[PDB]
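Q: See structure_10.pdb below, with PDB, C-alpha atoms.
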MODEL        1
ATOM      1  CA  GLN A  39      24.276  20.436 -23.865  1.00  0.00           C
ATOM      2  CA  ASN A  40      23.508  24.230 -23.397  1.00  0.00           C
ATOM      3  CA  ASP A  41      20.638  26.276 -25.079  1.00  0.00           C
ATOM      4  CA  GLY A  42      21.226  29.657 -23.247  1.00  0.00           C
ATOM      5  CA  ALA A  43      19.436  30.175 -19.869  1.00  0.00           C
ATOM      6  CA  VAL A  44      19.548  26.358 -19.078  1.00  0.00           C
ATOM      7  CA  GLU A  45      22.796  24.203 -19.047  1.00  0.00           C
ATOM      8  CA  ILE A  46      21.937  20.436 -18.485  1.00  0.00           C
ATOM      9  CA  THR A  47      25.083  19.500 -16.398  1.00  0.00           C
ATOM     10  CA  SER A  48      24.173  15.780 -15.700  1.00  0.00           C
ATOM     11  CA  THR A  49      21.514  13.048 -16.383  1.00  0.00           C
ATOM     12  CA  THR A  50      21.689  10.082 -13.884  1.00  0.00           C
ATOM     13  CA  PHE A  51      19.325   7.263 -12.670  1.00  0.00           C
ATOM     14  CA  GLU A  52      18.712   6.288  -8.970  1.00  0.00           C
ATOM     15  CA  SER A  53      19.653   2.724 -10.106  1.00  0.00           C
ATOM     16  CA  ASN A  54      21.264   2.165 -13.587  1.00  0.00           C
ATOM     17  CA  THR A  55      19.254  -1.178 -13.567  1.00  0.00           C
ATOM     18  CA  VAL A  56      15.383  -1.344 -13.942  1.00  0.00           C
ATOM     19  CA  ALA A  57      13.032  -4.302 -13.052  1.00  0.00           C
ATOM     20  CA  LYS A  58       9.320  -5.391 -12.819  1.00  0.00           C
ATOM     21  CA  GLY A  59       7.526  -3.383 -10.037  1.00  0.00           C
ATOM     22  CA  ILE A  60      10.713  -1.613  -8.696  1.00  0.00           C
ATOM     23  CA  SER A  61      10.859   2.165  -7.851  1.00  0.00           C
ATOM     24  CA  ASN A  62      13.450   4.191  -9.871  1.00  0.00           C
ATOM     25  CA  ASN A  63      13.827   7.826 -11.190  1.00  0.00           C
ATOM     26  CA  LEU A  64      15.615   9.965 -13.839  1.00  0.00           C
ATOM     27  CA  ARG A  65      17.254  13.159 -12.325  1.00  0.00           C
ATOM     28  CA  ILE A  66      18.221  16.085 -14.681  1.00  0.00           C
ATOM     29  CA  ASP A  67      20.531  18.744 -13.101  1.00  0.00           C
ATOM     30  CA  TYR A  68      20.546  22.128 -15.034  1.00  0.00           C
ATOM     31  CA  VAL A  83      10.559  17.135 -23.702  1.00  0.00           C
ATOM     32  CA  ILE A  84      11.889  13.678 -22.462  1.00  0.00           C
ATOM     33  CA  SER A  85      10.832  10.392 -24.277  1.00  0.00           C
ATOM     34  CA  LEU A  86      10.638   7.340 -21.880  1.00  0.00           C
ATOM     35  CA  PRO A  87      10.370   3.828 -23.482  1.00  0.00           C
ATOM     36  CA  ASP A  88       7.461   1.289 -23.156  1.00  0.00           C
ATOM     37  CA  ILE A  89       9.278  -0.529 -20.189  1.00  0.00           C
ATOM     38  CA  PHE A  90       8.390   2.555 -17.914  1.00  0.00           C
ATOM     39  CA  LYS A  91       4.867   2.438 -16.304  1.00  0.00           C
ATOM     40  CA  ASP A  92       3.517   4.882 -13.610  1.00  0.00           C
ATOM     41  CA  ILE A  93       5.392   8.101 -14.694  1.00  0.00           C
ATOM     42  CA  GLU A  94       4.912  11.289 -12.545  1.00  0.00           C
ATOM     43  CA  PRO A  95       7.106  14.174 -11.200  1.00  0.00           C
ATOM     44  CA  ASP A 104       3.799  22.932 -15.637  1.00  0.00           C
ATOM     45  CA  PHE A 105       3.795  19.093 -16.223  1.00  0.00           C
ATOM     46  CA  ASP A 106       2.732  16.471 -18.861  1.00  0.00           C
ATOM     47  CA  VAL A 107       2.540  12.640 -19.493  1.00  0.00           C
ATOM     48  CA  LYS A 108       1.625  11.746 -23.170  1.00  0.00           C
ATOM     49  CA  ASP A 109       2.194   8.013 -24.078  1.00  0.00           C
ATOM     50  CA  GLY A 110       5.578   8.029 -22.198  1.00  0.00           C
ATOM     51  CA  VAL A 111       6.637  11.588 -23.341  1.00  0.00           C
ATOM     52  CA  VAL A 112       7.142  14.279 -20.600  1.00  0.00           C
ATOM     53  CA  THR A 113       7.231  18.084 -21.376  1.00  0.00           C
ATOM     54  CA  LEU A 114       7.875  20.696 -18.579  1.00  0.00           C
ATOM     55  CA  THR A 125      21.314  25.940 -10.618  1.00  0.00           C
ATOM     56  CA  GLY A 126      18.432  23.460  -9.814  1.00  0.00           C
ATOM     57  CA  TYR A 127      17.223  19.883 -10.695  1.00  0.00           C
ATOM     58  CA  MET A 128      14.105  17.895 -11.872  1.00  0.00           C
ATOM     59  CA  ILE A 129      13.260  14.268 -10.701  1.00  0.00           C
ATOM     60  CA  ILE A 130      10.932  12.177 -13.017  1.00  0.00           C
ATOM     61  CA  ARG A 131       9.837   9.090 -10.914  1.00  0.00           C
ATOM     62  CA  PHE A 132       8.996   5.822 -12.844  1.00  0.00           C
ATOM     63  CA  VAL A 133       8.544   2.017 -12.194  1.00  0.00           C
ATOM     64  CA  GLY A 134       9.677  -0.922 -14.428  1.00  0.00           C
ATOM     65  CA  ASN A 135       7.121  -2.907 -16.527  1.00  0.00           C
ATOM     66  CA  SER A 136       6.212  -6.630 -17.167  1.00  0.00           C
ATOM     67  CA  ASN A 137       8.065  -6.490 -20.589  1.00  0.00           C
ATOM     68  CA  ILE A 138      11.663  -5.806 -19.197  1.00  0.00           C
ATOM     69  CA  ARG A 139      14.360  -8.318 -20.410  1.00  0.00           C
ATOM     70  CA  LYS A 140      17.604  -9.038 -18.399  1.00  0.00           C
ATOM     71  CA  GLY A 141      20.788  -7.688 -20.132  1.00  0.00           C
ATOM     72  CA  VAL A 142      18.908  -5.462 -22.701  1.00  0.00           C
ATOM     73  CA  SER A 143      19.603  -1.644 -22.579  1.00  0.00           C
ATOM     74  CA  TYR A 144      16.641   0.737 -23.367  1.00  0.00           C
ATOM     75  CA  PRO A 145      16.895   4.436 -24.475  1.00  0.00           C
ATOM     76  CA  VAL A 146      15.610   7.540 -22.561  1.00  0.00           C
ATOM     77  CA  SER A 147      16.073  10.591 -24.940  1.00  0.00           C
ATOM     78  CA  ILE A 148      16.314  14.225 -23.546  1.00  0.00           C
ATOM     79  CA  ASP A 149      15.484  16.778 -26.367  1.00  0.00           C
ATOM     80  CA  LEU A 150      16.081  20.520 -25.361  1.00  0.00           C
ATOM     81  CA  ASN A 151      15.834  23.135 -28.247  1.00  0.00           C
ATOM     82  CA  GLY A 152      16.624  20.344 -30.763  1.00  0.00           C
ATOM     83  CA  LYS A 153      20.072  18.812 -29.901  1.00  0.00           C
ATOM     84  CA  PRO A 154      18.784  15.393 -28.630  1.00  0.00           C
ATOM     85  CA  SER A 155      20.855  13.539 -25.906  1.00  0.00           C
ATOM     86  CA  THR A 156      20.192   9.762 -25.229  1.00  0.00           C
ATOM     87  CA  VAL A 157      21.187   7.706 -22.084  1.00  0.00           C
ATOM     88  CA  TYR A 158      20.441   3.965 -21.312  1.00  0.00           C
ATOM     89  CA  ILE A 159      19.103   1.738 -18.400  1.00  0.00           C
ATOM     90  CA  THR A 160      19.782  -2.086 -18.465  1.00  0.00           C
ATOM     91  CA  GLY A 161      16.780  -4.400 -17.763  1.00  0.00           C
ATOM     92  CA  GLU A 162      16.980  -7.069 -14.984  1.00  0.00           C
ATOM     93  CA  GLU A 163      14.736 -10.035 -13.928  1.00  0.00           C
ATOM     94  CA  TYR A 164      14.427 -11.517 -10.371  1.00  0.00           C
ATOM     95  CA  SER A 165      12.588 -14.853  -9.713  1.00  0.00           C
ATOM     96  CA  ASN A 166      10.006 -13.253  -7.305  1.00  0.00           C
ATOM     97  CA  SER A 167       7.888 -16.355  -6.300  1.00  0.00           C
ATOM     98  CA  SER A 168      11.257 -18.215  -5.569  1.00  0.00           C
ATOM     99  CA  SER A 169      11.344 -15.893  -2.471  1.00  0.00           C
ATOM    100  CA  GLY A 170       9.388 -18.196  -0.040  1.00  0.00           C
ATOM    101  CA  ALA A 171       6.051 -16.654   1.187  1.00  0.00           C
ATOM    102  CA  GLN A 172       7.413 -15.245   4.542  1.00  0.00           C
ATOM    103  CA  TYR A 173       5.613 -11.781   4.735  1.00  0.00           C
ATOM    104  CA  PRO A 174       2.280 -11.774   6.715  1.00  0.00           C
ATOM    105  CA  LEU A 175      -0.879 -11.295   4.524  1.00  0.00           C
ATOM    106  CA  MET A 176      -2.771  -9.255   7.251  1.00  0.00           C
ATOM    107  CA  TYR A 177      -1.915  -7.086  10.340  1.00  0.00           C
ATOM    108  CA  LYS A 178      -4.604  -5.424  12.569  1.00  0.00           C
ATOM    109  CA  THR A 179      -3.194  -2.400  14.524  1.00  0.00           C
ATOM    110  CA  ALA A 180      -4.808   0.630  16.321  1.00  0.00           C
ATOM    111  CA  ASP A 181      -4.345   4.406  17.023  1.00  0.00           C
ATOM    112  CA  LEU A 182      -3.577   3.766  20.759  1.00  0.00           C
ATOM    113  CA  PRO A 183      -0.416   3.749  22.976  1.00  0.00           C
ATOM    114  CA  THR A 184       0.894   0.284  24.134  1.00  0.00           C
ATOM    115  CA  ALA A 185       1.001  -1.078  27.736  1.00  0.00           C
ATOM    116  CA  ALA A 186       2.090  -4.620  28.832  1.00  0.00           C
ATOM    117  CA  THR A 187       0.533  -7.162  31.306  1.00  0.00           C
ATOM    118  CA  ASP A 188       2.840  -9.935  32.687  1.00  0.00           C
ATOM    119  CA  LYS A 189       1.473 -13.521  32.097  1.00  0.00           C
ATOM    120  CA  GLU A 190       2.610 -17.081  33.129  1.00  0.00           C
ATOM    121  CA  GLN A 191       5.131 -17.115  30.191  1.00  0.00           C
ATOM    122  CA  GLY A 192       5.252 -13.786  28.250  1.00  0.00           C
ATOM    123  CA  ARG A 193       4.005 -10.138  28.252  1.00  0.00           C
ATOM    124  CA  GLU A 194       0.639  -9.547  26.419  1.00  0.00           C
ATOM    125  CA  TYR A 195       0.679  -6.050  24.751  1.00  0.00           C
ATOM    126  CA  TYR A 196      -2.632  -4.093  24.476  1.00  0.00           C
ATOM    127  CA  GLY A 197      -4.009  -0.711  23.268  1.00  0.00           C
ATOM    128  CA  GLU A 198      -4.566   1.556  26.345  1.00  0.00           C
ATOM    129  CA  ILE A 199      -7.911   3.449  25.784  1.00  0.00           C
ATOM    130  CA  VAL A 200      -7.245   6.547  28.055  1.00  0.00           C
ATOM    131  CA  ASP A 201     -10.579   8.314  27.031  1.00  0.00           C
ATOM    132  CA  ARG A 202     -13.719   6.020  26.976  1.00  0.00           C
ATOM    133  CA  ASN A 203     -15.880   8.605  25.002  1.00  0.00           C
ATOM    134  CA  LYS A 204     -13.350   9.339  22.128  1.00  0.00           C
ATOM    135  CA  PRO A 205     -13.461   6.607  19.383  1.00  0.00           C
ATOM    136  CA  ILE A 206     -10.781   3.860  18.720  1.00  0.00           C
ATOM    137  CA  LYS A 207      -9.391   3.873  15.089  1.00  0.00           C
ATOM    138  CA  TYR A 208      -8.385   0.327  13.887  1.00  0.00           C
ATOM    139  CA  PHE A 209      -6.151  -0.040  10.739  1.00  0.00           C
ATOM    140  CA  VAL A 210      -5.968  -3.390   8.782  1.00  0.00           C
ATOM    141  CA  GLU A 211      -3.140  -3.729   6.145  1.00  0.00           C
ATOM    142  CA  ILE A 212      -4.031  -6.693   3.811  1.00  0.00           C
ATOM    143  CA  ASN A 213      -1.176  -7.835   1.447  1.00  0.00           C
ATOM    144  CA  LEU A 214       1.569  -5.311   2.518  1.00  0.00           C
ATOM    145  CA  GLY A 215       4.600  -7.501   1.654  1.00  0.00           C
ATOM    146  CA  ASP A 216       7.778  -5.702   2.866  1.00  0.00           C
ATOM    147  CA  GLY A 217       5.878  -2.362   2.197  1.00  0.00           C
ATOM    148  CA  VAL A 218       8.260  -1.084  -0.639  1.00  0.00           C
ATOM    149  CA  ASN A 219       8.720  -3.932  -3.263  1.00  0.00           C
ATOM    150  CA  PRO A 220       5.249  -4.956  -4.632  1.00  0.00           C
ATOM    151  CA  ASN A 221       6.733  -8.358  -5.812  1.00  0.00           C
ATOM    152  CA  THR A 222       6.705  -9.352  -2.046  1.00  0.00           C
ATOM    153  CA  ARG A 223       2.819  -9.203  -2.317  1.00  0.00           C
ATOM    154  CA  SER A 224       0.718 -12.361  -3.147  1.00  0.00           C
ATOM    155  CA  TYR A 225      -2.146 -13.471  -5.459  1.00  0.00           C
ATOM    156  CA  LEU A 226      -5.125 -14.160  -3.059  1.00  0.00           C
ATOM    157  CA  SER A 227      -8.076 -15.733  -5.017  1.00  0.00           C
ATOM    158  CA  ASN A 228     -11.581 -15.067  -3.463  1.00  0.00           C
ATOM    159  CA  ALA A 229     -10.262 -12.790  -0.634  1.00  0.00           C
ATOM    160  CA  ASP A 230     -13.119 -12.041   1.871  1.00  0.00           C
ATOM    161  CA  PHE A 231     -12.168 -10.052   5.044  1.00  0.00           C
ATOM    162  CA  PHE A 232     -14.534 -10.550   8.070  1.00  0.00           C
ATOM    163  CA  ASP A 233     -14.221  -8.742  11.490  1.00  0.00           C
ATOM    164  CA  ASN A 234     -16.538  -9.579  14.463  1.00  0.00           C
ATOM    165  CA  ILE A 235     -16.350  -6.301  16.539  1.00  0.00           C
ATOM    166  CA  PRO A 236     -15.798  -6.957  20.331  1.00  0.00           C
ATOM    167  CA  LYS A 237     -18.746  -7.042  22.830  1.00  0.00           C
ATOM    168  CA  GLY A 238     -18.942  -3.575  24.486  1.00  0.00           C
ATOM    169  CA  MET A 239     -17.986  -1.904  21.102  1.00  0.00           C
ATOM    170  CA  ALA A 240     -20.026  -0.521  18.120  1.00  0.00           C
ATOM    171  CA  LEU A 241     -18.532   0.025  14.590  1.00  0.00           C
ATOM    172  CA  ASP A 242     -19.349   3.455  13.098  1.00  0.00           C
ATOM    173  CA  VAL A 243     -20.269   1.957   9.618  1.00  0.00           C
ATOM    174  CA  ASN A 244     -19.784   5.491   8.068  1.00  0.00           C
ATOM    175  CA  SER A 245     -16.100   5.574   9.390  1.00  0.00           C
ATOM    176  CA  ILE A 246     -15.177   2.515   7.107  1.00  0.00           C
ATOM    177  CA  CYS A 247     -12.508   3.621   4.545  1.00  0.00           C
ATOM    178  CA  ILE A 248     -10.852   1.176   2.006  1.00  0.00           C
ATOM    179  CA  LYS A 249      -7.573   2.484   0.428  1.00  0.00           C
ATOM    180  CA  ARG A 250      -6.021   0.468  -2.520  1.00  0.00           C
ATOM    181  CA  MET A 251      -2.481   0.440  -4.045  1.00  0.00           C
ATOM    182  CA  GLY A 252      -2.084  -1.482  -7.359  1.00  0.00           C
ATOM    183  CA  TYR A 253       1.190  -3.365  -8.179  1.00  0.00           C
ATOM    184  CA  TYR A 254       2.401  -0.386 -10.335  1.00  0.00           C
ATOM    185  CA  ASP A 255       0.620   2.414  -8.275  1.00  0.00           C
ATOM    186  CA  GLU A 256       2.677   4.955  -6.237  1.00  0.00           C
ATOM    187  CA  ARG A 257       0.175   6.134  -3.505  1.00  0.00           C
ATOM    188  CA  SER A 258      -2.940   4.694  -1.845  1.00  0.00           C
ATOM    189  CA  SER A 259      -6.292   5.738  -3.501  1.00  0.00           C
ATOM    190  CA  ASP A 260      -9.656   5.947  -1.591  1.00  0.00           C
ATOM    191  CA  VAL A 261     -11.764   3.123  -3.275  1.00  0.00           C
ATOM    192  CA  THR A 262     -14.408   3.254  -0.408  1.00  0.00           C
ATOM    193  CA  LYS A 263     -17.293   4.656  -2.596  1.00  0.00           C
ATOM    194  CA  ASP A 264     -16.468   2.020  -5.345  1.00  0.00           C
ATOM    195  CA  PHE A 265     -16.757  -0.872  -2.765  1.00  0.00           C
ATOM    196  CA  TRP A 266     -20.187   0.263  -1.305  1.00  0.00           C
ATOM    197  CA  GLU A 267     -21.555   0.880  -4.895  1.00  0.00           C
ATOM    198  CA  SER A 268     -20.448  -2.639  -6.175  1.00  0.00           C
ATOM    199  CA  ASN A 269     -22.041  -4.547  -3.164  1.00  0.00           C
ATOM    200  CA  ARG A 270     -18.742  -5.615  -1.445  1.00  0.00           C
ATOM    201  CA  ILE A 271     -19.142  -4.068   2.134  1.00  0.00           C
ATOM    202  CA  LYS A 272     -21.871  -5.660   4.379  1.00  0.00           C
ATOM    203  CA  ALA A 273     -21.532  -3.868   7.812  1.00  0.00           C
ATOM    204  CA  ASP A 274     -23.798  -3.429  10.929  1.00  0.00           C
ATOM    205  CA  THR A 275     -22.610  -2.072  14.383  1.00  0.00           C
ATOM    206  CA  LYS A 276     -21.443  -5.636  15.470  1.00  0.00           C
ATOM    207  CA  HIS A 277     -20.020  -6.913  12.043  1.00  0.00           C
ATOM    208  CA  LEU A 278     -17.725  -6.002   9.061  1.00  0.00           C
ATOM    209  CA  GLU A 279     -17.331  -8.038   5.803  1.00  0.00           C
ATOM    210  CA  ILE A 280     -15.378  -6.778   2.717  1.00  0.00           C
ATOM    211  CA  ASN A 281     -15.366  -9.140  -0.367  1.00  0.00           C
ATOM    212  CA  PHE A 282     -12.143  -8.081  -2.242  1.00  0.00           C
ATOM    213  CA  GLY A 283     -12.489 -10.824  -4.957  1.00  0.00           C
ATOM    214  CA  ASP A 284      -9.089 -11.693  -6.538  1.00  0.00           C
ATOM    215  CA  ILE A 285      -6.446  -9.475  -4.778  1.00  0.00           C
ATOM    216  CA  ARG A 286      -3.988  -9.265  -7.792  1.00  0.00           C
ATOM    217  CA  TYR A 287      -0.700  -8.174  -6.037  1.00  0.00           C
ATOM    218  CA  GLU A 288      -2.807  -5.249  -4.606  1.00  0.00           C
ATOM    219  CA  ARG A 289      -2.127  -3.732  -1.128  1.00  0.00           C
ATOM    220  CA  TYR A 290      -5.530  -2.886   0.539  1.00  0.00           C
ATOM    221  CA  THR A 291      -5.646  -0.828   3.817  1.00  0.00           C
ATOM    222  CA  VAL A 292      -8.983  -0.814   5.820  1.00  0.00           C
ATOM    223  CA  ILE A 293      -9.365   2.082   8.382  1.00  0.00           C
ATOM    224  CA  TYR A 294     -12.573   2.036  10.556  1.00  0.00           C
ATOM    225  CA  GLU A 295     -13.560   3.596  13.962  1.00  0.00           C
ATOM    226  CA  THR A 296     -15.452   2.084  16.963  1.00  0.00           C
ATOM    227  CA  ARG A 297     -17.088   3.489  20.195  1.00  0.00           C
ATOM    228  CA  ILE A 298     -17.273   2.044  23.784  1.00  0.00           C
ATOM    229  CA  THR A 299     -20.978   1.060  24.458  1.00  0.00           C
ATOM    230  CA  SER A 300     -20.331  -1.084  27.650  1.00  0.00           C
ATOM    231  CA  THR A 301     -17.429  -1.490  30.199  1.00  0.00           C
ATOM    232  CA  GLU A 302     -15.365  -4.743  29.755  1.00  0.00           C
ATOM    233  CA  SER A 303     -12.053  -6.194  31.122  1.00  0.00           C
ATOM    234  CA  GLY A 304     -10.774  -6.055  27.477  1.00  0.00           C
ATOM    235  CA  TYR A 305     -11.741  -5.786  23.753  1.00  0.00           C
ATOM    236  CA  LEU A 306     -10.188  -8.613  21.609  1.00  0.00           C
ATOM    237  CA  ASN A 307     -10.992  -7.511  17.996  1.00  0.00           C
ATOM    238  CA  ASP A 308     -10.935 -10.667  15.728  1.00  0.00           C
ATOM    239  CA  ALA A 309     -10.134 -10.029  12.000  1.00  0.00           C
ATOM    240  CA  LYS A 310     -10.188 -13.091   9.604  1.00  0.00           C
ATOM    241  CA  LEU A 311      -9.034 -13.041   5.890  1.00  0.00           C
ATOM    242  CA  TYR A 312     -10.513 -16.030   3.913  1.00  0.00           C
ATOM    243  CA  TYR A 313      -8.457 -16.659   0.665  1.00  0.00           C
ATOM    244  CA  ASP A 314      -8.479 -19.815  -1.649  1.00  0.00           C
ATOM    245  CA  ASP A 315      -9.574 -22.552   0.912  1.00  0.00           C
ATOM    246  CA  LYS A 316      -7.480 -20.942   3.792  1.00  0.00           C
ATOM    247  CA  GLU A 317      -8.254 -18.742   6.864  1.00  0.00           C
ATOM    248  CA  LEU A 318      -5.756 -16.321   8.572  1.00  0.00           C
ATOM    249  CA  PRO A 319      -6.556 -14.381  11.816  1.00  0.00           C
ATOM    250  CA  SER A 320      -5.143 -11.029  13.075  1.00  0.00           C
ATOM    251  CA  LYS A 321      -5.941  -9.939  16.703  1.00  0.00           C
ATOM    252  CA  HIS A 322      -5.778  -6.543  18.553  1.00  0.00           C
ATOM    253  CA  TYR A 323      -6.496  -6.786  22.331  1.00  0.00           C
ATOM    254  CA  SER A 324      -7.213  -3.325  23.941  1.00  0.00           C
ATOM    255  CA  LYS A 325      -8.195  -2.520  27.628  1.00  0.00           C
ATOM    256  CA  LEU A 326      -9.476   0.718  29.326  1.00  0.00           C
ATOM    257  CA  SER A 327      -6.960   2.484  31.693  1.00  0.00           C
ATOM    258  CA  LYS A 328      -7.570   3.019  35.500  1.00  0.00           C
ATOM    259  CA  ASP A 329      -9.425   6.359  34.557  1.00  0.00           C
TER     260      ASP A 329
ENDMDL
END
Since I need it in another form, could you write the structure as structure tokens?
A:
Amino acid sequence: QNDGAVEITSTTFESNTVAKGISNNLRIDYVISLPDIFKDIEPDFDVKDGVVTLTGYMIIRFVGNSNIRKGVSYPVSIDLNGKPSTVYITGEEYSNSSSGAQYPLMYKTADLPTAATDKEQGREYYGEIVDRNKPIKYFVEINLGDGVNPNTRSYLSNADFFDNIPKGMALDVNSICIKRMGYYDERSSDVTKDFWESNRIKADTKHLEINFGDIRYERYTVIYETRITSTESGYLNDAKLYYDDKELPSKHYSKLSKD
């Protein structure tokens, strides 16, 4: 396949199988019709109902759809100055819920270095706050799964996050920042303005409450900042996700250094 300037040498997939929620890509070493089993298509550029107009190469990233069938091949055509050239990817299906719910549904971490403190049986880790006047940035990753396969995520009905901020700390309510990643989505997307505007965030200096509703295999991150108001021995931040008649805590202890 050669038009003149451009000689398409090869056309190869990352995996020659494709499945529901799984990252893949076409790679075209030198208009391209993708079928209805390819959601979330993205590398001039174009995406037009699964049709993509444009010694190097070109990677078109896609993700498999709900309507894939195990064993069935599906065409991707590659039309350059007429002369159309078709290759095939075979559908696959994994029983996703048959993987027993092992991945934690919430972590609460911080933008601090770690020190240890030896205890009667174990070391407690903690965030060392070196500078009392600079703020402490907490992150909270709700429904991560493994962090690459979105089928490792859950369905959480009536999800309602709730953090009591530690005594001697004060939440900057303006610092609150909710990122969202849908099942099919590629990157996080700042949905903070959407959540304030739809009456989901109730937050004073001592409290946080986000009402996510039905988390539908959706990874939410929650970044907020805090400031030291009063000296304490430590600062045990207590996050709590309430989902479908359950409660789940995450905890981040942090202490000031010797100064």
Q: Env of residue A:313: 12 Å cut, atoms = all atoms listed in the file, seq-sep filter 3 positions within chain, self excluded. Answer as an MDAnalysis selection string.
A: chainID A and resid 175:176 212:213 224:232 281:285 310 316:319
Q: For residue A:259, which residue among A:289, A:178, A:202, A:153 is the nearest when counting all atoms listed in the file?
A: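 Result for the nearest residue to residue A:259: A:289.
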Q: Could you spell out the hits of the PyMOL selection byres ((chain A and resi 201) around 12) on the shown file, as a list in words?
A: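 For this structure, the PyMOL selection byres ((chain A and resi 201) around 12) captures residues 182, 183, 197, 198, 199, 200, 202, 203, 204, 205, 206, 297, 298, 325, 326, 327, 328 and 329 of chain A.
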Q: Would you please work out which residue, of A:239, A:93, A:111, A:306, is nearest to residue A:194 when using all atoms listed in the file?
A: A:306
Q: So what does the PyMOL selection byres ((chain A and resi 291) around 9) actually pick up in this one, as a PyMOL selection string?
A: chain A and resi 209-214+247-251+258+289-290+292-293
Q: Where does the PyMOL selection byres ((chain A and resi 220) around 9) land in this file, that is, which residues does it pick, as an MDAnalysis selection string?
A: chainID A and resid 59:60 214:219 221:224 252:254 287:289
Q: Quick one, how far is atom CA of residue A:256 from atom CA of residue A:146?
A: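 We find that atom CA of residue A:256 and atom CA of residue A:146 lie 21.0 Å from each other.
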Q: Is it possible to get the axis-aligned box enclosing stretch 105-113 of chain A (all listed atoms, 5 Å extra per side) as AutoDock Vina command-line options, with centre and edge lengths in Å rounded to one decimal?
A:
--center_x 4.4 --center_y 13.6 --center_z -20.2 --size_x 15.6 --size_y 21.1 --size_z 17.9
Q: Could you state the separation of atom CA of residue A:40 and atom CA of residue A:126 in Å, given to one decimal place?
A: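 Answer for the atom CA of residue A:40 to atom CA of residue A:126 separation: 14.5 Å.
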